[PDB]
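*Asks:* Chains as they are written, first to last, in the deposited numbering: chain A, 44 to 94; chain B, 662 to 749; chain C, 147 to 197; chain D, 301 to 352; chain E, 125 to 257; chain F, 1 to 237. Have a look at the structure that comes next, please.
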Amino acid sequence: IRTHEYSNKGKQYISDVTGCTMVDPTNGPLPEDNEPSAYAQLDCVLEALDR
Amino acid sequence: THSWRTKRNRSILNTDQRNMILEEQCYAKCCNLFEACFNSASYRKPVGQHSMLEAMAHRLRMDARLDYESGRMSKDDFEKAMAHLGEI
Amino acid sequence: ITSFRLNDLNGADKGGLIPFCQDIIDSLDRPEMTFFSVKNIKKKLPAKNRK
Amino acid sequence: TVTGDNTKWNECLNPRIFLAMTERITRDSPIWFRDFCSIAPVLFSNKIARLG
Amino acid sequence: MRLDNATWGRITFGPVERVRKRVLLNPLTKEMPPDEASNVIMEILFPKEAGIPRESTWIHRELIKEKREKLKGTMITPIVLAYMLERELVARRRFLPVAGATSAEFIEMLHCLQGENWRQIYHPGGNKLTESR
Amino acid sequence: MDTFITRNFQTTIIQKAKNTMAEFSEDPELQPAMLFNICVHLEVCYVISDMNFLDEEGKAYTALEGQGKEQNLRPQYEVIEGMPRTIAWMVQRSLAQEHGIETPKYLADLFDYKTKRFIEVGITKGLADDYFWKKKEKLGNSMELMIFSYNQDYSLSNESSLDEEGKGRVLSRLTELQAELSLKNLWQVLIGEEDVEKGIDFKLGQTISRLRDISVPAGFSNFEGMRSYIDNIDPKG
RNA sequence: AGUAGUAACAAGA
RNA sequence: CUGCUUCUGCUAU
RNA sequence: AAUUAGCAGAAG
Ligand SMILES: [Mg+2]
Ligand SMILES: [Mg+2]
């Protein structure tokens, strides 16, 4: 529950391999408060690896 | 004598572990005969993509052939050895 | 390994790790898997307790 | 000097970031090694927890 | 024997600045790398199933034939002989806090040698080498 | 080629050759000519030690075919090639340590108990002498040699051991395989240098690719697009 | 009862 | 129903 | 100046 709580603003969908309710927080919206956030931006990760 | 072993006899309550003991004993017997045939199996990991029965058969065949020509094995014992190895 | 041998996945006898992982991802595209399970007999016995 | 600690480390990281990290780290290896190194964050993004 | 034939000095009370360094723990005679030492040990105790003859067989055949002479008629389990030989041959280097004496004759008594605020003079036994001197 | 292999040799020789190719991390169906070469090499090495036994004294007699095995105990030769690397190295080191002689730096193909020598067998396709004197630079003096060729030649070491009837059988088998390789037009398949640089083969299946396509971040469709985005764009700023 | 502590033991994994 | 990694220590059951 | 596993303890 606490894992899906910090990621519930991302793209929720259904996998067609198993049938589970997958949740995609990556490339989601930015955080608005000081709550824990799982929405990691891909361009920032690739730029940090560029540095 | 103060290097004794304490066998942790893992026996659950109301669980007759007959068959799970017998399969583990079968694996242990096969590995004990393999370590009897190849002595460095506990020091160096044995490599090889072939069967353990073929490796043990070739090692015992060569061991009997070298024990025969160096006098350590009689001709009747060598005939018993090769007659056993031919039926394997 | 002894369960993959039933489903004709003999890539663990090639020695290395890479054919074993190839066998792993070739197991995911099998229509039915066959393996060795463990069941039990729940034998009833007389005793002397509460139940 | 900040003496720190991160809250929710296992609960906020993502295998979809680790897939991109193994795609950007292995940017010159042969294609079979990139597939091999991209299998593991794919299996970690479809994990099903058994509930004890 | 290296502790029974060893004289002690005097303990001094004062600051000791320790530097963490990779040192050898125990003294040896022929410090060999562990893969070469494992090949040598296979050529000493299990010579039939020893593998490919490498370059380690050539530069150590004196030690191989000498140790195979000395361990000829013995009935110990061969894995105990393998680990006593690798205790005799293989090095063991660890990151320890040393201050002023890093030889393996002084690291084996490092707990009694110095502390953070005291230093015990020690004159070990056995023999040393001219390179350390 | 391959049906000629399956319909001319025997089953055990083919299996031992296939395992010998797989021990060097290779495939049969990239080099069938190598499979043929190893099959003929092992057939010759088994032909040299066909029916030669020793008596109770230790002298080589050739028995008769279709007889009782119990009067024929010790074969004259040890066939070392045709066994796996660990088995062949164990056999060679056992025969070297037992007879008090040095173990050679390479895997010899036969052992002669009567001469107590490691023999190396080569089956070349042209001048046997140049194959011989190139073998004699990597081995030098530790192994006897037996070099044969398809043009009825043979190059041996300073000690010759095979009789002319056995050598005639060897060269006759070589010329028979020569005639049946040139008859079905397979000799140009054998000669041509089929160089192929190979590496590890790791092919993804059908379900793991689908699991990889649904495991990409937001703003992506499948995994080829994500891989090209990571490899191509410049994310600075 | 009690130990305890977000859930168990206080006999039948 | 006692996971993963790193370091250290002991032993070769 | 340089030098094969099993179990335990700590940390993360
Ligand atoms: Mg901290
Ligand atoms: Mg050869």
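The beta-carbon is built from N, C-alpha and C at its ideal position, and this holds for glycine as well.
1. Thinking C-alpha only, which one of F:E23, F:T12, F:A60 and F:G225 is nearest F:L162?
2. Does B:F739 get closer than 8 Å to chain E when you measure Cβ to Cβ?
3. Nearest-angstrom Cα distance between C:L152 and A:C63?
4. From F:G199 to F:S25, what does the alpha carbon distance come to, in whole angstroms?
5. Three-state secondary structure (DSSP) at D:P341?
6. Spell out the partners DSSP gives F:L145 in its beta bridges.
7. Would you say F:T115 lies against chain C (beta-carbon separation less than 8 Å)?
8. Using a Cβ-Cβ cutoff of less than 7 Å, which residues in the same chain neighbour C:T148 once the five nearest sequence positions on both sides are dropped?
9. If you measure between the beta carbons of F:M83 and F:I119, is that distance less than 8 Å?
10. Assign C:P177 to buried or exposed, taking buried as 16 or more other Cβ atoms, counted over all protein chains shown, within 10 Å of its Cβ.
11. Output yes if chain F places a C-beta closer than 8 Å to the C-beta of A:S58; else output no.
12. For B:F695, collect the residues of the same chain with a Cβ closer than 7 Å to its Cβ; drop the 5 residues on either side in sequence, then sort them by chain order.
13. Counting only Cβ pairs nearer than 9 Å, list the residues of chain F close to B:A697.
14. Who are the neighbours of C:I187 on chain F, taking C-beta pairs under 8 Å?
15. How big is the Cα-Cα spacing for E:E179 and B:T667?
16. Does the segment 126-140 of chain F come within contact of the segment 153-171 of chain C, defined as at least 3 CB pairs closer than 8 Å?
17. Tell me which residue opens and which closes the alpha helix (DSSP H) that C:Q168 is part of.
18. Pop quiz: F:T175 and F:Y154 are said to be a contact at Cβ under 8 Å. What is the actual Cβ separation, rounded to whole angstroms?
19. Curious, which full-length alpha helix (DSSP H) runs of at least 4 residues does the segment 169-232 of chain F contain?
20. Please report the distance separating the alpha-carbon of A:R45 from that of D:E311.
21. Does the segment 59-75 of chain F touch the segment 93-108 of chain F, meaning 3 or more C-beta pairs lie closer than 8 Å?
22. Taking the Cβ atom as the reference point for each residue, do D:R324 and D:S345 lie within a distance shorter than 8 Å?
23. Run through the DSSP bridge pairs and tell me what E:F137 is partnered with.
24. Chain F partners of C:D172, CB-CB under 8 Å?
25. According to DSSP, is C:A193 helix, strand or coil?
26. Can you list every residue whose CB sits closer than 5 Å to some heavy atom of ligand 2, going in chain order?
27. What ranges does the alpha helix (DSSP H) occupy inside the segment 157-186 of chain E, keeping only unbroken runs of at least 4 residues that lie completely in it?
28. Return helix, strand or coil for B:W665, following the three-state DSSP convention.
29. Any heavy atom of ligand 1 closer than 7 Å to the CB of D:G304?
30. Determine whether the Cβ of F:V91 lies closer than 8 Å to any Cβ atom of chain B.
31. According to the Cβ coordinates, are F:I80 and F:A88 closer than 8 Å?
32. Below 8 Å on the Cβ atoms is my contact criterion, and I expect D:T307 with A:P79 to pass it. Report the Cβ-Cβ distance as a whole number of Å.
33. Using beta carbons (cut-off 8 Å, strictly below), is F:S25 in contact with chain E?
34. Under 8 Å, CB to CB, which of the residues in the segment 158-175 of chain E have a partner in chain F?
35. For the alpha helix (DSSP H) containing F:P32, name the first residue and the last one.
36. With DSSP run on the structure shown, which of helix, strand or coil describes F:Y106?
*Replies:* Let me lay it out:
1. Residue F:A60 is the option with its Cα nearest to F:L162.
2. With its beta carbon at least 8 Å from every one in chain E, B:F739 lies outside the interface.
3. Distance between the alpha carbons of C:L152 and A:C63: 29 Å.
4. Going by the C-alpha atoms only, they are around 10 Å apart.
5. In this structure, D:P341 counts as helix in the three-state DSSP scheme.
6. Bridge partners of F:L145: F:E120.
7. For F:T115, no CB of chain C lies under 8 Å from its own CB, so it is not counted at the interface with that chain.
8. If we look at C:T148 and ignore the five residues flanking it on each side, its Cβ neighbours are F182.
9. No, they are not a contact pair.
10. It counts as exposed.
11. A:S58 counts as touching chain F.
12. Short of 7 Å from the beta carbon of B:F695, and not among the five residues preceding or following it, lie these beta carbons of its own chain, in chain order: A702, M713 and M717.
13. Here the premise fails: no neighbours, minimum Cβ distance about 15 Å.
14. None at all; the shortest Cβ gap to chain F is about 37 Å.
15. Going by the C-alpha atoms only, they are around 44 Å apart.
16. By the C-beta criterion, the segment 126-140 of chain F is judged not to be in contact with the segment 153-171 of chain C, since fewer than 3 inter-stretch pairs fall below 8 Å.
17. Unbroken alpha helix (DSSP H) run through C:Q168: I164 to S173.
18. The Cβ separation is near 13 Å, so there is no contact.
19. Correct list: 187-191, 207-213 and 223-232.
20. Their Cα atoms are separated by approximately 7 Å.
21. By the Cβ test, the segment 93-108 of chain F is not in contact with the segment 59-75 of chain F, since fewer than three Cβ pairs between them sit closer than 8 Å.
22. The answer is no: Cβ separation not under 8 Å.
23. DSSP lists E:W242 as the beta-bridge partner residues of E:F137.
24. Here the neighbours are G205.
25. C:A193: coil per DSSP, three-state reduction.
26. Per the Cβ criterion, the list is F:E81 and F:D109.
27. Taking only runs of at least 4 residues, the alpha helix (DSSP H) segments lying wholly in the segment 157-186 of chain E are 158-169.
28. Correct three-state label for B:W665: coil.
29. Checking every heavy atom of ligand 1 against the Cβ of D:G304, one is found closer than 7 Å.
30. Judged by the 8 Å Cβ criterion, F:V91 is in contact with chain B.
31. Yes, these two residues count as a Cβ contact at 8 Å.
32. That pair is a contact at about 6 Å.
33. Not closer than 8 Å to any Cβ of chain E, the Cβ of F:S25 fails to qualify, so no.
34. With the criterion set as a beta carbon lying under 8 Å from some beta carbon of chain F, the members of the segment 158-175 of chain E are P171, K172, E173, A174 and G175, in sequence order.
35. Run containing F:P32: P32 to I48, per the alpha helix (DSSP H) assignment.
36. DSSP places F:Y106 in coil when its eight states are reduced to three.
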